[PDB]
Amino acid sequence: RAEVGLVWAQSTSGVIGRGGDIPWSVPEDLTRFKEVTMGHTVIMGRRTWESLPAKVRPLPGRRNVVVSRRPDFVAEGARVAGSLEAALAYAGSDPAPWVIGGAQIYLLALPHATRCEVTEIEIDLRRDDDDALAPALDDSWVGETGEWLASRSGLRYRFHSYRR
């Protein structure tokens, strides 16, 4: 009944995070992310929660769920869950909960997911051993890809939407 989605931005090289942060600024991607997730449950790993800017934590108008192995973790204004299955239970009757990162939580959620919304960013980031990486999609997914677009930031980006 519920369609579980994943939403992320990556470099063409597959990087989603570096130094505990996102290593670009593409406002158009932030706009997309906001539009995808407004009004829905958003599920995220503990590190992603801690990486959010304090002026958007918890994310407004969304039910925030934070996944940790530590049931005692305190996340003000969010629900803490000990597994993806527990996180999805907190979504309740939300028809389209979203998993919003990071690398570890995407891999946990991927086998439950039926939708992925991906932003690809043309930025010269050579992937390093400590980088947080995007999940790889297999042949079960079918996608449509939008045109490359020029950002007001100067970078080129494009949107992909995958379903199965």
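Residues carry their position along the shown sequence, with the first being 1.
- When the mean C-alpha temperature factors of 136-144 and 6-14 are read from the deposited coordinates, 136-144 comes out higher.
- As the entry records it, the average C-alpha temperature factor is higher for 56-64, out of 56-64 and 96-104.
- Ranking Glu117, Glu120, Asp128, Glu50 by the C-alpha B-factor listed in the PDB entry places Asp128 at the top.
- For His40, the recorded CA B-factor ranks within the lowest third of the chain. Only modelled residues enter the ranking.
- The entry lists a Cα temperature factor for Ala150 that places it in the lowest third of the chain's modelled residues.
- Ranked against the other modelled residues of its chain, the C-alpha B-factor of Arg32 as given in the entry falls in the middle third.
- Ranked by C-alpha B-factor against the other modelled residues of its chain, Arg46 falls in the lowest third.
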